[PDB]
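One structure is given below, encoded as structure tokens.
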Amino acid sequence: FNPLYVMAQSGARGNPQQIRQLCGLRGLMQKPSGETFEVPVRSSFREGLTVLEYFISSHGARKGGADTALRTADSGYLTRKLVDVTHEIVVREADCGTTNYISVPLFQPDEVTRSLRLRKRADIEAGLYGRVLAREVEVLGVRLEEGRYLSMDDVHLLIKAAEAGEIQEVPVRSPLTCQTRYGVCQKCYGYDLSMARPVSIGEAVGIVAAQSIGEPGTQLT
Amino acid sequence: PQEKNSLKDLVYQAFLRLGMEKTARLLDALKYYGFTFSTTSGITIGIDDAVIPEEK
Amino acid sequence: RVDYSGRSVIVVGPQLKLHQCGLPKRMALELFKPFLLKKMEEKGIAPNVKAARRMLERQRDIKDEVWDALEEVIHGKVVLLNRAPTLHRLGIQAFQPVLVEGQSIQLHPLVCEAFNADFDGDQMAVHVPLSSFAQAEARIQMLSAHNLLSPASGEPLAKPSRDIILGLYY
Amino acid sequence: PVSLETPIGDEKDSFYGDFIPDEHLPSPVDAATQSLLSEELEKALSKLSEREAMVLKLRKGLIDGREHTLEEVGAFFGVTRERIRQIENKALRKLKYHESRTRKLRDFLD
Amino acid sequence: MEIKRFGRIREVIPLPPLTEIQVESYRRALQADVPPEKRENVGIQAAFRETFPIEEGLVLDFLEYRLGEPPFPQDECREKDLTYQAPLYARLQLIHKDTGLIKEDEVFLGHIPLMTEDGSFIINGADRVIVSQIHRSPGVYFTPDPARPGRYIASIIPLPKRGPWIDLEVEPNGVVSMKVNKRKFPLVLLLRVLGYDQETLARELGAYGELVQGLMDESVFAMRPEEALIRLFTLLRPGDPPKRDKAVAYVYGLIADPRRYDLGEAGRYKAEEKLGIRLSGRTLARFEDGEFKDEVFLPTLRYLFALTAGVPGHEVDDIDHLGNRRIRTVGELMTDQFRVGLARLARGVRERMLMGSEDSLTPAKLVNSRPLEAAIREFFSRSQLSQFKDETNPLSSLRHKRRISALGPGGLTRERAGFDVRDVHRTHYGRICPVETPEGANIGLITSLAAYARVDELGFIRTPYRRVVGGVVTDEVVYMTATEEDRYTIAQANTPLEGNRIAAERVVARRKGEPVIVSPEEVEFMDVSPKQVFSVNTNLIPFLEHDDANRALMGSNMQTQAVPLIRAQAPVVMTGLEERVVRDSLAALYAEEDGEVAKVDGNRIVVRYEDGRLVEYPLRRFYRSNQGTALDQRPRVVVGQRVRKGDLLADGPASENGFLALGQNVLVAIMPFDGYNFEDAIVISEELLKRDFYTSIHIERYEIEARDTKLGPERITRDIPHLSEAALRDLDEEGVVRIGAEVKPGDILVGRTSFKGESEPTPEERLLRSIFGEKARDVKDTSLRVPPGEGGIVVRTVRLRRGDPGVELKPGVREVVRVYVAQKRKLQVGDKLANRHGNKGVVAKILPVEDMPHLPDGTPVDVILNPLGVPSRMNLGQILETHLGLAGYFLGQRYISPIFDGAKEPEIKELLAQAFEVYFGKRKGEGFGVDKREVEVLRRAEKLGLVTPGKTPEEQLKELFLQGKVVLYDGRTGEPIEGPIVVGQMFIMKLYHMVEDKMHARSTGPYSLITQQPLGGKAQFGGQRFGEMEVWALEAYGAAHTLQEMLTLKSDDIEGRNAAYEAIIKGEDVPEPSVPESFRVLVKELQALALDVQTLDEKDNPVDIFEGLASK
Amino acid sequence: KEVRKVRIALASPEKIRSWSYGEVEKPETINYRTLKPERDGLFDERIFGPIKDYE
Amino acid sequence: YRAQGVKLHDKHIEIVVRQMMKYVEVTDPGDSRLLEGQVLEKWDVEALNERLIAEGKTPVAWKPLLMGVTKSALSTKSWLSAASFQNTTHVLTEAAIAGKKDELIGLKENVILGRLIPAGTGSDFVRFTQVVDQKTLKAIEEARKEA
Amino acid sequence: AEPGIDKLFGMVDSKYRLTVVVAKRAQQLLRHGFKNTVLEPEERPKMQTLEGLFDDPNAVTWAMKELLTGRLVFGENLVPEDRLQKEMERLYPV
DNA sequence: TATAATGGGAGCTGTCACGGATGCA
DNA sequence: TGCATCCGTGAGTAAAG
Ligand SMILES: Nc1ccn([C@@H]2O[C@H](COP(=O)(O)CP(=O)(O)OP(=O)(O)O)[C@@H](O)[C@H]2O)c(=O)n1
Ligand SMILES: [Mg+2]
Ligand SMILES: [Zn+2]
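Chains as they are written, first to last, in the entry's author numbering: chain A, 1017 to 1237; chain B, 905 to 960; chain C, 622 to 791; chain D, 314 to 423; chain E, 1 to 56, 63 to 1118; chain F, 3 to 57; chain G, 1356 to 1502; chain H, 2 to 95.
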């Protein structure tokens, strides 16, 4: 029940590396050239750094501050470009009637080139959650019907089926293959993720896309 | 022990199963009791809380 | 630049309900001024609109009943709070304003994340949607308590954080 | 003269002209006060008869923009200039009485 | 109280005069105390010598200059909106060469601003500060070519705007090029013009890898110097007739004219040191005996070829080394602007010399002083480096005076500043503080002079070190540049010494910044103090060694933002620097000699000195600073006091008995509190408002002019139409509000009437007039009222009238009235607090005292900080401070803990033990045992591993108190906080960001001229900007109607906004909007570019958005 | 009628003259004494219109 | 985004990439008025090819084109959007020479004119909806039932 | 959250259609002085002033609470616009 | 309204990356 | 048909200033 421990464990405050700098050692430091000092900061913040340790660290601190400063502008410019490309894209109809789709893979070639191994859960979720199946799927004795909006449980089920060797890729309606002019249809877009239900015709989907890609832009290290 | 992830999953499940009205009520309740309990829990920070381990 | 808009320092206010914010009385008097002139004339507070405006022009002329009239003006209405940078759509959200003494806007804790707001001096801007249409849009589509999941990931966005998580964990 | 695009501050952010308010166009308060004034004047003129209201509107310029002489209003209504001046006077007197009674036009006098 | 101090490092030298950079730079540039004949060829004297003589035939030569006395003293200039300045006279003589006539005169050139004692300026009544600029030092550099690896660029850089950059390069085709004014030509040609012959170049450069053959061109040696000179003039001036004297003039002005080309004296020295040569002047070549003689070019070419081949002793140069970046202080910048004004004056002089009755031409008839006056006035009023002085508190002014900028005239453009410039270079050690820089866009470009750093005469920053001979540490101190510093092994200031001898076998030192463990035999120098690595602000942070740098930066910066408090206190934990900062900032007053104090007053102190003389120090009382904070001095001695030299006589603003007092010592509990301190918010006790803690005095200045009009005069009057006595209650006979009144928003401060614009009353107006039988007055109410959300107590009125003695206003204005309004600001919800460790937050809740967590003996805490602010930020120093504060609460003492050399945990534990005795043995004597709730908290603590099981209640409470934690009772229930809580004394400041200044709101108000959109800013009653991204937010919600309101009804749909306001005051729904006026402006501005823009309908038939008003 | 399209195209000298209400012949703005617009200058009321409504 | 721990649905990236693939390059005009190397929207070339096949003519041979996000935004059809983005004089000279008409399909164009954007409550799919109580609805059904 | 918001979203095929219906109904109420309300006297939304409970002045609150009852019909092309306007002015004047 | 007068001064500089048009071999 | 090379253009929001 140590306060640092509880705060870090619960997700209220702090991560392991900050707690380490408080209790363990401060660690290795960077020179202005990006090359590392051979001599680490052996002191934690509790023990107190030496003048030389403090100075050695100020390089990396300033580098990170300048990084953030120069990054916010590039992120904002990127977001404005994304807004200008996507802004006319709106959900303009319920179904363009296309028969085209994309197949989200559930496996990816191992870097060993050895075999195929299952993708990460979060990655498959970000690829499948809230999408409409373009084709019948029959896995683990369940029928996932064409036209179905994949709930989160539907996604975990498909992950189970893949783990059992019953499916390698899922066919899914996607804006890549939608045929609605000046926009996108409802079935091809899928969920209004903010509501866990099918999107309402009229949603400014392109603006939402730009803002979703841009808003974490300043976190990209 | 309820923590960031499990509370997030509680909010999402409550959303799906009960709607945004009841989920908003749930969120306000969580806020009320979390604040109340954290007040009287005894949580603080003194220098002897940054415990240097012996293995160092 | 736009009318019926203000800005102030933000402050936590944990007693609020998710659909609420704390709006300082003077801000509200100015932002809702035409509504207030009309409602003052509806009651007995002034003979007409121009007398009501002259009565509000000086601070020492302003009497208690006008404040009660303000409460009738804003009833059920919502205001938009905004924090820059407006990185995504939850940088603007709609709240039912709870009038307060003092000069700080009160911001519900569970929305801070979506605004990237903390209370180290941040400031937010207020906007008054005027028409029945704009008011219905704000109350249905932009209300805080209706926007709980992320449009980007779909995961909860208004959720327990620092002290809330801390007490529950404890 | 000085440039409206003179820089203010050390960025390229603001112009000097951005702080100059437009005095020419009427403010929404001004337009609204003119509108309420015209409507209250019609309210108070409906408490006269049609002729005294029309004589006042002709003699003060609310009809065609200009003020007519007593001889013109008298030729229009078909009366003597003394009679048109007398009905203008009695119209003004009725308006003064109604205003003392209801006070519905005082606040517009600034 | 007692001041115990820690620390084992004796500081050999004190901190230098902290404003010496400013004051000494300006003194050197002016030489006002030097008798003219003894002046050096520097500063404005050097500017004069550069401009003069002026020739062509007549000649105007400069003998000397002199600076008179200021027409008005500093306070009078602050009041009358005047510049504190000295008249500048120059003694000149005209000579006609043929006539021999010599007319001599002292001409008046205008005024030069004088620097005040504290290193600031007074321009047009407002204090300003000229910020030192950092730039690349002039000299000859060798950098790597980023395209071709094995090739290197030779760059020859003079002073800013004192010649062209010149690049030398070895091309892929082997010939050596010279880039100047963006023109690449073979260097061989210029080498020929210098009088060099193939024999000399062959014997000078033949050794290098056959590279000299790329210099061998036969067509160049085939011609004599004159033909090569004309060839070069043709290569540099396409189209200019290649005359002989024209080419000589151009090349001389480009390469050898000391009036056009100028390396710095620093550029001169650095070229000499790099190329291993000696320079005669500060130019690359000379004109001697009719021909050109080289100085720099051949040495540079030799070094370039040697570095390219690889012969040793040649290295590329680090251009961010602080031996290659220098500082341009106040004096150099002002001298440059002076030199430009002088050049313009000389152009005018020659202009008048050519024409005019040459029989009667005096110096007074040739000098128009206006161009020089204008250049200086421009520098001091509108330069990027001439900044409005920050005098929020005295430390604000000190830090402002000691700041270094890389921006400004001659510096870097932002967005043209990559990582390299903003890095903290290794050579920043001891010279430029590594933490005091802004967060945001300017990071790493605005920095601060380190505390022991001085700038030498060449402009390089120097830091002091101690000499170490045979392991013995002398008291001889040596100030080094970074170039010099790189030659030595320099130990750390904390290396343990017995006497003067290094007492450690292994010693931590630096070699070219690299850290290295070294023996005492190898140590050559040693740091003076840890204080020398950081700025003054950073040196005010106790326990700095326990704080992450990112938060130290914030605490450092935020001390600058501290508001002087009527009951300001010095911190209970200090760094030992709090007194120097008060002294050097000229905040407080001190005794000039030993003496006895004769008189003491709220307004003045009179001292009898040992000389028997009576000296009277008046006190500045409730004066308004640039930022509106109050600057009053209060006397701290009493009638009959004996005072030695340098003893305190008066406390300045934010000073407590001569100690820097930027805030309050409050009693802090570090715990969450019902969400009211969620995410950095702070909870405070009403007891702070009760005893006027965090209360500050603020003065605002209001101003109004009455001018002459083409429609009649404005006049300040009490006779304002249509106003009751209720509206005119506190106005004096002349129309100005009375001193002492309480003014609220809407109250008149100064009555004024203005003649109405020419207007035919609308028929509605005429009929309303007839009904009410009252003539419309000639004038209208234009009085100066209190703006929304302001007010206070009138404390001063200034009135100036045309026709009054000493008074002359700008053309047109009849009179000027200024009203000064004071206000006492208590702390309130929204105000900003911070401590010196980067913990900042906004007061979110003020509880009544009975809700405040209290100690068992009934004492409630002052503020409640949330522990979730610490771990992520890693500023543990505020924790240690709190611990020490706790001890100080009960021992009744304050502490001095030098940074990196201060109180450690064991000594704080000793103090805490003593304090616990004072805190608990008192209880045991007074006849009370341990409380039941204390037992319950002790059980909880025993489960937490904080106390050992089986000890007594008192022993366990002592264990907790040694950890800095105490039992704390909830004021609302009387039940204890289930855990023991960290409670202690912390120093907390009230920052300049107060909510009273920021809250703003608007329904309708002023609109802009062309756009017809709302103005911006609180002062303009402006509207908020709903920008591109706010529009995206509304779009992504699909709030089409809310968005259309923003775009039409609320901004610049004229008919729309009017109709909306009318509908709302009537109680109707707002009408559908129409075209925004700025789109009509777009259509017309495109028509102005010969583009026809046409709004059509679906039948492709035009639609008129101008309603016919612009179609004939 | 309702706006549905916005066209942009080059303007002929005849089109530019069709827009114009008068040729600006003098480089003068307003009179230094009257503070009224100069005749045939950049602010002439004969070309661009009345400064006061209906006057 | 995964490396920084940002969860983000593929939908949004797909929308943007779809705009990146909006255009195509002609390789043989067939029976068309187009030119080899001309660049145009894939939708327009597919409409033309269907109109030429329905007319029995030779279709336009075309090749897929990938342009980055800036060039895709500048190449869009609406000249108001492109001119307000960037490279304003270039967009404007080409549009004015071409006599372009901006049909106001998107959001920027309508924002510039202060019109009601074609999304949300502004969508043609929902903005024409009516509301009426059953009392008034029956009172009007009676009027339709009388005539 | 708005009382009964989940059922309201259940009523429409697009959330924006709910907003258009609510805003049009609210304008209908404001124009006709609430005389056309489909709420019984007990279903009236009330506002607690200093005197006592009074009719809620907020037409949007009214329109949503009406929508929740089922007593409103919404759709596209239910009636010509001027027939609707004139019939409402007949049944409930201004 | 008349000695004769006959070709100009200021540059000013620590990005940066891309995209697209021009220039050479 | 392929490269070097040059010129033009853009480089975050709100606040105050
Ligand atoms: N130039 C600037 C300066 C400020 N801002 C805005 O203000 C906030 C500063 O974050 P912050 O640094 O205060 C986050 P902190 O509270 O320190 O740590 P935490 O993650 O543990 O909560 C950002 O979220 C930005 O949106 C900006 O956009 N550009
Ligand atoms: Mg913040
Ligand atoms: Zn589709």
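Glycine included, every Cβ here is placed at the ideal spot set by N, Cα and C.
Neighbour flag for residue i against chain H, beta carbons, 9 Å
i, result
"residue 803 of chain C", "Because residue 803 of chain C is not part of the residues shown, which for chain C are 622 to 791, the question remains open."
"B:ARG929", "yes"
Residue i classed as buried or exposed, judged by whether at least 16 other C-beta atoms fall within 10 angstroms
i, result
"A:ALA1180", "exposed"
"E:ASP725", "exposed"
"E:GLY891", "buried"
"G:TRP1434", "buried"
Minimum Cβ-Cβ distance from residue i to chain D less than 9 Å
i, result
"residue 584 of chain C", "Past the edges of chain C, shown from 622 to 791, lies residue 584 of chain C, and the structure says nothing about it."
Closer than 9 Å to chain G by CB, residue i
i, result
"H:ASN59", "no"
Beta-carbon proximity of residue i to residue j, cut-off 9 Å
i, j, result
"E:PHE531", "E:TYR458", "no"
"C:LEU751", "E:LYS1056", "yes"
"G:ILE1460", "A:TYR1198", "yes"
"E:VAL855", "E:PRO866", "yes"
"E:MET1035", "C:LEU708", "yes"
Residue-chain proximity (residue i, chain F), Cβ-Cβ < 9 Å
i, result
"E:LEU66", "no"
"E:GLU1061", "no"
is_contact[residue i, chain C] using C-beta, thresh 9 Å
i, result
"D:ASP343", "no"
Minimum Cβ-Cβ distance from residue i to chain E less than 9 Å
i, result
"H:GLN86", "no"
"A:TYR1070", "yes"
"C:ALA746", "yes"
Interface flag, residue i vs chain B, CB-CB below 9 Å
i, result
"C:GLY788", "yes"
Please enumerate, following chain order, all residues with a beta carbon closer than 5 Å to at least one heavy atom belonging to ligand 2.
Those satisfying the condition are, in chain order, C:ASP739, C:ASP741 and C:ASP743.
Can you tell me which residues fall inside 7 Å of ligand 3, judged by beta-carbon distance to its nearest heavy atom, and keep chain order?
The filter returns A:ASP1111, A:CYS1112, A:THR1114, A:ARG1189, A:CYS1194, A:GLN1195, A:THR1196, A:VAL1200, A:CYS1201, A:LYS1203 and A:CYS1204, in chain order.
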